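[1] Enclosed are the sequence and the experimentally obtained structure.
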Amino acid sequence: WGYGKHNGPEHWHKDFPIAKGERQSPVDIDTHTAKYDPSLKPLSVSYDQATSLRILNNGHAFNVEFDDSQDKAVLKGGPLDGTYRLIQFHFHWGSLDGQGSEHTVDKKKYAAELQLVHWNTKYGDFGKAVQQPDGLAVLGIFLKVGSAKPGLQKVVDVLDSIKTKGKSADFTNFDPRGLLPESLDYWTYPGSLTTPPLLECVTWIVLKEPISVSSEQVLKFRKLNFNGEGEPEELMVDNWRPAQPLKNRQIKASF
Ligand SMILES: [Zn+2]
């Protein structure tokens, strides 16, 4: 599977039937239909003790991985119950500035989307969390092209070293707190992973406020390869999945 003409998201359902499921992501967020639920608690992002460990090009995106052996970087509160541990973050971007995000707001696509992935600790490990309806909490953050995001630059400079699929580089002491927008207002709805196995185990938390990055910054993402070293070069761009039917779901807004 991939994002090309013959192995794209429209073919996924053949190897993964859940792709036509009842709670697939991403979805379009209709700001006028989202329900303000005054019972949603604020979000608690505790990323101070975060231990980043490595950056890896997995052929579909680049993943920055964190040590999840203890409650170092967690997320709780909001619509969640229990403590969700951060395991990795990655992005989805376009070949152009008008597209790249997975979620969209009133049909507006963004230049890219940051997804911070966390698993419910009650389940012991990541492998077991994905098999539960409330196993994952994914924090989605929109990126628009404007002024540079200083905090993101350390990530941008290491990309040259993980150009092709299968490559990784040690990536310690990265502080993910520098990627958060100023506000923590969000929309939330029950959903799924956006790449195969496309499991419906995710509580999505999409932040209202996007962060800006510079054109020079996103352009660096576009120099990545889906291919492995020594294979024909295929640029890693447009690795995003299109919106899926909302169906029997309600999108709640914390504001
Ligand atoms: Zn993703």
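    Okay, I see it. Residues are numbered from 1 along each chain as shown.

[2] From here on, just use CA atoms for contacts and neighbour counts.
    Noted.

[3] show me where the chain has helices.
    With helices called from DSSP state H, the chain shows them at 126-129, 153-158, 215-221.

[4] Compile the ones you listed into CSV and extend it with columns for distance to residue 184.
    CSV is the format used below for the helices of the chain (distance: least, C-alpha to C-alpha, whole Å):
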stretch, distance to residue 184
helix 126-129, 25
helix 153-158, 22
helix 215-221, 23
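
[5] which one of the ones you listed has the most crowded surroundings?
    The highest average neighbour count among these, using mean count of other C-alpha atoms under 10 Å, belongs to helix 215-221 at a mean of 18.

[6] What is it packed up against?
    Counting by 3 or more C-alpha pairs under 8 Å, 6 or more residues apart in numbering; DSSP states H and E, the packing neighbours recorded for helix 215-221 are helix 153-158.

[7] Show residues contacting the helix it packs on.
    174, 217, 220-221 (C-alpha atoms under 8 Å, 6 or more residues apart in numbering).

[8] and of the residues you listed, the nearest to residue 211?
    Using C-alpha to C-alpha, residue 217 is the member of the contacts of helix 153-158 that sits closest to residue 211, with 12.5 Å.

[9] Could you check how many residues crowd around the residue lying closest to residue 2 once chain neighbours are set aside?
    Closest residue in space to residue 2, ignoring its immediate chain neighbours: residue 8 at 5.2 Å, by C-alpha to C-alpha, 6 or more residues apart in numbering. Around residue 8 sit 14 other residues, with neighbours defined as other C-alpha atoms under 10 Å.

[10] Surely residue 8 touches residue 14?
    No - look at residue 8 against residue 14 with C-alpha atoms under 8 Å: they stay out of range, at 11.0 Å.

[11] Could you measure from the residue of the chain most remote from its centre over to residue 198?
    Among the residues of the chain, the one whose C-alpha is farthest from the average of all C-alpha positions is residue 230, by C-alpha atoms, centre = their mean at 28.6 Å. From residue 230 across to residue 198, the span is 30 Å (C-alpha to C-alpha, to the nearest Å).

[12] Equivalent analysis for residue 214, please.
    Distance from residue 214 to residue 198, counting by C-alpha to C-alpha: 31 Å.

[13] between the two, who's got more neighbours?
    residue 198 (23 against 15).

[14] Just give the nearest non-adjacent residue to that one, would you?
    residue 192 is the one closest to residue 198 (C-alpha to C-alpha, 6+ apart), at 5.8 Å.
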